[PDB]
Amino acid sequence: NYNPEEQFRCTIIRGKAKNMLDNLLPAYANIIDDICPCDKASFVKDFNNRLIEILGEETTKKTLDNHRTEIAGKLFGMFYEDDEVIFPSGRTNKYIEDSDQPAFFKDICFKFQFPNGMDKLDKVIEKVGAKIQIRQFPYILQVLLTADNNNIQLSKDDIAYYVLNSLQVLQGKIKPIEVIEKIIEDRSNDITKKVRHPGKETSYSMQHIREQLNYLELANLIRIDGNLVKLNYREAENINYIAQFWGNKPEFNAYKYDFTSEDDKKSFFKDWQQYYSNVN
């Protein structure tokens, strides 16, 4: 039944901190820890004024704002808002205590899901309309385990086409063994599949897929070795613990919100941040 030909582009936020992460993650965390708790006006000012010291004086305000909202706020879940005040998140609070970068990204991978409240509303509505519901990192790990069970290695293009851009997989309808069987079948017929979009550049098609893999690698659970994606079995216990959730519905239920209600829209994004960034 599994048909990967049903393709669906499903993004995550585009990164800004990979190259300089070892400097930027402490900066984000220390800025937030230092200036919070504070009101939103003070947060916006003081965060940008601190970050520009790190990124460089030519950095535009728009870039500073985008770091704050897209990466420190949404993708890395490092602060949240409650009662007009901005606070350091539980994830930040932990990192401030232990400086454990792999654990930071393991938590991100554990909690990530589609749909989520990182996306713009029109994209959320698109993903909900497509009945997307997946914990993608548990799923990827089980797919990699199953590939190893079967003595094959998967490429980034395999993960892209058959998992992270496959509608049926993103819908939570497919078992990892079905994916591996299909990949083995296509290979035997000399079929190599890649994600393609007409007239679009490779970043459009693949950057969010490569960057999802980057965060799994920063969590120390995989290695991207050239074209191939390989488990790090020095973390076999963690790999198996997280993989167990491959078939679980997302912990955060996007489907109980009425996105025509202004109150439910507000609740949705707030509730998402609480789930993703804090301890529950």
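In this text, residue numbers run from 1 along the sequence as written.
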### Task
Would you mind comparing 185 to 193 and 155 to 163 for me and telling me which has the higher average C-alpha temperature factor in the entry?
185 to 193
### Task
Tell me which of 227 to 235 and 31 to 39 has the higher mean C-alpha B-factor in the deposited entry.
31 to 39
### Query
For the listed residues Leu221, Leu55, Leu213, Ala243, which one has the largest C-alpha B-factor as given in the deposited model?
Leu55
### Task
Name the residue from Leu144, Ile86, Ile134, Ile108 with the greatest C-alpha temperature factor listed in the entry.
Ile86
### Task
Would you mind ranking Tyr276 by its C-alpha B-factor against the rest of the chain and naming the third, lowest, middle or highest?
lowest
### Task
Pull the Cα B-factor of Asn66 out of the PDB entry and bin it into the chain's lowest, middle or highest third.
lowest
### Query
Of the three thirds of its chain by CA temperature factor, lowest, middle or highest, which one includes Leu170?
middle
### Message
Splitting the chain's C-alpha B-factors into thirds, which one does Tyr95 fall into?
### Response
middle
### Message
Considering every modelled residue of the chain and its Cα B-factor in the PDB entry, is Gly199 in the lowest, middle or highest third?
### Response
highest
